[PDB]
Structures are given as structure tokens and as C-alpha cells.
Amino acid sequence: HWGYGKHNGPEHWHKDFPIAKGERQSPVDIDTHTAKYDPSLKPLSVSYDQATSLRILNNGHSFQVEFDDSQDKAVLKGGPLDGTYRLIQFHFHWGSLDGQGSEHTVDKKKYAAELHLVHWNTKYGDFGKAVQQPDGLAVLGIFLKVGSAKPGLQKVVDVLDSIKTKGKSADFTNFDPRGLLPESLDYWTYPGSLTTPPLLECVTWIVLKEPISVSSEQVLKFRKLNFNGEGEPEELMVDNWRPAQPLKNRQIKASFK
Ligand SMILES: NS(=O)(=O)c1nnc(-c2ccccc2Cl)s1
Ligand SMILES: [Zn+2]
């Protein structure tokens with residue numbers, strides 16, 4: 004089974020998921036001098052005032068915060084998108100050291116971690133149908149750098165002890181993801197894929213230019229999670245990121261200059 008270790012990590016994924024060597028894989032390095040400013044691009048419209056979080060889960064490769072997506076509560080529109088995309092979950096990728104952990108890079112710089120807010124296009129009716137479409141998903145990517153604490157993130161940090169191992173879940177209601185956004189919503193966008201198996205090429209990536217900062221203590225607590233299940237040999241949940249993939253025949257567009 005796939006993972007991030009030496010014997011089952013990203014370099015092995017292609018043997019069970021040949022789309023891993025596909026033409027629109029993610030993540031990629033954003034070359035800021037090669038990105039094209041596109042003034043046709045609209046501002047992002049993030050409407051999270053009615054988000055309903057439900058649960059937080061350790062799924063064995065990351066932890067997920069899940070939302071009720073049975074109606075248009077928390078939605079993303081605008082930017083390069085056509086239609087309404089509903090939030091279904093968010094998760095992070097992070098490193099064992101502060102100098103690595105993000106999946107996207109900016110002029111080959113790595114950040115300490117990367118936040119993914121996953122949304123699906125309501127025109128396809130449910131999430132499983134949306135991953136089958138080239139415009140099915142929109143993922144908002146936010147970089148984390150280590151600096152001052154992010155107060156909005158502490159509620160998440162404090163519950164991690166209760167979901168330390170794979171398969172553990174905890175009620176997680178009334179969390180407002182607005183607390184995780186940077187001040188500016190300027191972005192880069194490109195067509196890409198899920199960054200874990202099954203690696204489907206169904207994602208319109210929206211990566212925010214401005215990182216958010218979190219303390220060292222906050223990311224420290226991320227690194228205390230376990231990839232393993234309870235009762236199993238302890239394997240710390242670190243470096244759950246996929247390295248940059250070739251851009252191929254793609255253009256990254258910028259919403260700003
Ligand atoms: N890292 S990510 O946001 O591109 C992502 N990759 N895989 C994802 C996924 C895979 C299977 C089921 C649900 C999801 Cl949300 S979400
Ligand atoms: Zn992700």
C-alpha cells in the first residue's frame with residue numbers, strides 16, 4: 004500500500020497508478036518570472052460564513068477536517084472557475100524540518116507546510133462524480149511559514165492528541181475556516197491533479213501568493229501524529245508531501261502583477 008516511506012513513497016506510485024506519469028500532474032514549481040499575468044482573471048469569491056465543520060480524522064497519511072457539503076453552505080466561486088464549488092474538507096502536508104513540507108514550491112523555495120481546501124463542482129451532483137471530470141475539483145493551496153502563531157489554527161492543534169493514530173476521529177464542530185486565510189487573495193492558477201492516489205487529473209489549482217505564518221510550537225504538534233494504527237509500531241507522520249512534477253504543456257497564470 005502506497006505511502007511516503009522509502010519502499011512505498013511517491014517514486015513507487017506509478018506502479019499501481021500509472022496516471023502518476025501523466026500530463027497534468029501536481030504539484031509543480033511555480034516559476035514566478037515565467038507565470039503569465041492574466042487580467043481576464045477575476046477575484047476569488049470565498050463564502051465560508053455558513054460553513055459547518057463536522058469531524059476531524061487521522062486517515063493514515065494526513066488529518067482531514069470534514070464539512071457538511073449536502074448544501075451550498077461553504078462555497079468557492081470566481082477566480083478561474085465557472086460555477087459553484089462546495090467545500091468538503093481541508094488537510095495539510097508538512098515536513099520533518101521547517102525547510103520542507105510544502106508540495107508546491109515558489110522559485111524552488113519550499114515552505115514548512117501547505118494547507119489544501121478541497122472543493123467540488125456542484127454541477128456533477130456528488131464528489132465521486134466530480135473526480136471523474138477535468139473541471140471537477142478546485143483546491144485552494146495556502147503556504148505555511150514558521151514565524152508568529154496563527155490563533156485561528158490553535159483549535160485544530162489542540163485536538164490532534166485525540167486522533168494520534170490512523171483511523172481515529174473526533175467530533176469537530178463550529179470551526180470557522182476563515183481564520184486560516186491570508187490577508188490578500190492574490191493567486192496563481194494552473195490545471196493539475198490530486199497529489200495523492202488516485203492522482204486523478206480533475207483539479208483546478210488555486211495557489212495563494214501570500215503565506216500564513218504559524219509558530220514553531222504549532223507545527224511541532226503536527227509532527228507528533230502517527231501514520232500507524234493504535235497498537236502498531238510508531239511511525240511519525242512527517243514529510244507527507246509529493247515532490248514537484250514536470251509542468252509539461254501547461255501555463256501557470258497569475259491574478260496579479
Ligand atoms: N492533496 S490534494 O488536495 O490534491 C488531494 N489529493 N487527494 C485527495 C483525495 C483523494 C481521495 C479522496 C478524497 C480526496 Cl479529497 S485531496
Ligand atoms: Zn493535499
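Throughout the sequence shown, residue numbering follows the deposited numbering, covering 4 to 125, 127 to 261 in sequence. Where is the CB? At the ideal position from N, CA and C, for every residue including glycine.
What is the C-beta distance between residue i and residue j, in whole angstroms, given that I count them as a contact (C-beta under 8 Å)?
i, j, result
"residue 209", "residue 29", "6 Å"
"residue 71", "residue 57", "6 Å"
"residue 144", "residue 218", "Wrong, their Cβ atoms sit about 17 Å apart, outside the cutoff."
"residue 97", "residue 226", "5 Å"
"residue 92", "residue 69", "5 Å"
"residue 82", "residue 191", "7 Å"
Cα separation between residue i and residue j?
i, j, result
"residue 95", "residue 67", "8 Å"
"residue 224", "residue 164", "11 Å"
"residue 6", "residue 187", "34 Å"
"residue 146", "residue 235", "34 Å"
"residue 39", "residue 254", "11 Å"
"residue 123", "residue 131", "6 Å"
"residue 128", "residue 13", "30 Å"
"residue 86", "residue 44", "14 Å"
"residue 125", "residue 181", "20 Å"
"residue 108", "residue 23", "19 Å"
"residue 104", "residue 252", "23 Å"
"residue 222", "residue 20", "34 Å"
"residue 11", "residue 113", "23 Å"
"residue 4", "residue 77", "33 Å"
"residue 88", "residue 213", "21 Å"
"residue 240", "residue 115", "16 Å"
"residue 36", "residue 79", "28 Å"
"residue 174", "residue 244", "21 Å"
"residue 41", "residue 172", "44 Å"
"residue 90", "residue 8", "30 Å"
Could you check whether residue j and residue i sit closer than 9 Å to each other, using their CB atoms as the reference points?
i, j, result
"residue 154", "residue 216", "yes"
"residue 246", "residue 193", "no"
"residue 31", "residue 250", "yes"
"residue 183", "residue 151", "no"
"residue 198", "residue 141", "yes"
"residue 167", "residue 120", "no"
"residue 179", "residue 64", "no"
"residue 135", "residue 204", "yes"
"residue 84", "residue 189", "no"
"residue 99", "residue 242", "yes"
"residue 101", "residue 259", "no"
"residue 34", "residue 256", "yes"
"residue 237", "residue 195", "no"
"residue 106", "residue 248", "yes"
"residue 61", "residue 177", "no"
With DSSP as the reference, identify every bridge partner of residue i, one or two as the case may be.
i, result
"residue 88", "79 and 124"
"residue 256", "Bridge partners of residue 256: none, in fact."
"residue 61", "66"
"residue 117", "96 and 147"
"residue 108", "32"
"residue 48", "80"
Ligand 4 heavy atoms versus the CB of residue i: any closer than 8 Å?
i, result
"residue 107", "The model on display carries ligand 1 and ligand 2 but not ligand 4."
Exercise for review: Return the chain-ordered ranges of every alpha helix (DSSP H) run that is complete within the stretch 143-198 and spans a minimum of 4 residues.
Suggested key: You should have 158-163.
Review point. Going along the chain, which unbroken runs of the beta strand (DSSP E) with 3 or more residues stay wholly within the stretch 200-251?
Key: Counting whole runs of 3 or more residues, the stretch 200-251 contains the beta strand (DSSP E) stretches 207-212 and 216-218.
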